[PDB]
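Input: a single structure, listed below in structure tokens.
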Ligand SMILES: *[C@@H]1O[C@H](CO)[C@@H](O)[C@H](O)[C@H]1NC(C)=O
């Protein structure tokens, strides 16, 4: 139950903290009783095979805010009690597939803000047990395999926010997914099959996604959807019946969009009235035309614009 020189060991050596230190490598003599390890804010560059083999009881392992660029094969061997593994704010150029060793208890994996360039096929089929995955802020990402998320039949939260994404990737593997964060992407056009097989999804976020066009039927698959955020995008209108199938959708953010208020958006105003009736004049405003400018989309009706069948 010894404490390493550079760490502060609480309890009977269950909670070990080693932060704000100038650690170049992972310290030794970590007591076997450790269930929590915080090595955040250090200068660690490499993690080696069996570095943690002796820690049977480790549940939470925080290796974030470091310089980690190399994670050798079987680096996390010997950690069958491990739940959460944090690796954000590091210098990983690729996802550390090899490091994984069917860690059935692993539930959270945090990799945001790393210079990862691509997520290859079957990247996480050593860790099917994952519930939360954080792949946000991967600003040098250029490719996601179609089979990248295969095996993650238990994933519930995914974060692909702030990754330069011209297109939504294949997420048909993520059968049980509930929250998807796609904000801060270059998602220009949203085609009909963009969220195929995400029938379990409840919250979807597309804030600051440079979304100009949403084609008809683009959300048909999201049958469980409750919340949507299309705020701070470039939407001028939404296609007919975009929400008719989404029976449970109760919260929609539409603000900060150059909404053009003509009869193409008549349906939406009525959807707003039926779905969120307490909102009389707030807070999704028309930019065009003048005379309708500043007005809440959902306060408009048939007298405000001329309507045809084509
Ligand atoms: C409805 O009003 C609420 C309460 O202020 C606000 O948060 C929301 O932006 C409004 N919803 C829409 C769809 O404009």
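Counting begins at 1 with the first residue displayed.
Quick check of the header: X-ray crystallography, 3.2 Å.
Each Cβ is built from the backbone N, Cα and C atoms, and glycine gets one as well.
Annotated features in Swiss-Prot:
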CARBOHYD  170  N-linked glycosylation site
CARBOHYD  229  N-linked glycosylation site
CARBOHYD  279  N-linked glycosylation site
REPEAT    57-78  repeat 'LRR 2'
REPEAT    154-175  repeat 'LRR 6'
REPEAT    200-221  repeat 'LRR 8'
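Under 6 Å, Cβ to nearest atom of ligand 1: this is the test, and of the glycosylation sites 170, 229, 279 it is passed by 279. Taking DSSP states H, G and I as helix and E and B as strand, the repeat 'LRR 6' (154-175) has 0 helix, 3 strand, 19 coil. Shown for the repeat 'LRR 2' (57-78): DSSP residue counts in helix, strand and coil, namely 0 helix, 5 strand, 17 coil.
In the three-state DSSP reading, residue 279 (N-linked glycosylation site) counts as coil. Once Cβ contacts within 10 Å are tallied over all protein chains shown, the glycosylation sites 170, 229, 279 are led by 229. When the repeat 'LRR 8' (200-221) is classified with DSSP, helix, strand and coil residues number 0 helix, 5 strand, 17 coil. A strand conformation is recorded for residue 229 (N-linked glycosylation site) in the three-state DSSP classification. If you take the Cα of residue 279 (N-linked glycosylation site) and the Cα of residue 170 (N-linked glycosylation site), they are about 36 angstrom apart, rounded to a whole number. The distance from the Cα of residue 170 (N-linked glycosylation site) to the Cα of residue 229 (N-linked glycosylation site) comes to 20 Å.
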